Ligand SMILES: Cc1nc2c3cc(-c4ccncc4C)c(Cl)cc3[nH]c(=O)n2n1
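This document starts with one chain, in the form deposited without the ligand, laid out as structure tokens.
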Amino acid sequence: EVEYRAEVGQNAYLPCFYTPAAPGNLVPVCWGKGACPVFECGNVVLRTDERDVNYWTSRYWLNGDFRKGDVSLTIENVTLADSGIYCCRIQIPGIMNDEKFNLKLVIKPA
């Protein structure tokens, strides 16, 4: 059972990577809370197609080279309420099925 752990007040790291097989051109990516559902993400935590209205103040960030397929999620200043399954989902254009990763985050008290 793969679980990713962070301690309260730290930043969590949830790895997520895809093959950038459509070069140069943007690729839909979502992250949400809960296992990946039928389509896209449930309970979306961040956007990758454009910057959110409160971009600067959000705790959710993609700090990797997402251009090169690193869409790993940072969750800043975690609390116990952050524990749960997260969905990372990528749709390379034309693909038969999205690639869907369910990532389990366990926050531990400080």
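For the two forms, the rigid core is made up of the largest set of C-alpha atoms that agree within 1.5 Å on superposition. We number the residues from 1 along the sequence you see.
The following text describes the form solved in complex with the ligand, which does not appear among the structures shown.
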How would the site be scored, open or blocked, if the ligand were superimposed onto this chain using its pose in the deposited complex (blocked means 3 or more ligand atoms within 2.4 Å of backbone or C-beta)? blocked
In the deposited complex, does residue 39 have a heavy atom within 4.5 Å of the ligand? no
Closest heavy atom of residue 70 to the ligand in the deposited complex, within 4.5 Å or not? no
Taking 4.5 angstroms as the cut-off for heavy atoms, does residue 29 touch the ligand in the deposited complex? no
Answer yes if any heavy atom of residue 75 is within 4.5 Å of a heavy atom of the ligand in the deposited complex; otherwise answer no. no
Taking the ligand in the deposited complex, which residues along 27 to 57 bring a heavy atom to within 4.5 Å of it? 46, 52, 53, 56, 57
Superpose on the core and compare between the shown form and the other one; which one of 70, 40, 76, 82 crosses the 2 Å Cα shift mark? 40
C-alpha of residue 60 off by 2 Å or more between the shown form and the other one on rigid core: no
Distance direction in the deposited complex for the C-alpha atoms of residue 55 and residue 59, relative to the displayed form (3 angstroms or more): farther
Residue pair residue 52, residue 7 - Cα distance in the deposited complex, closer or farther (3 Å or more): farther
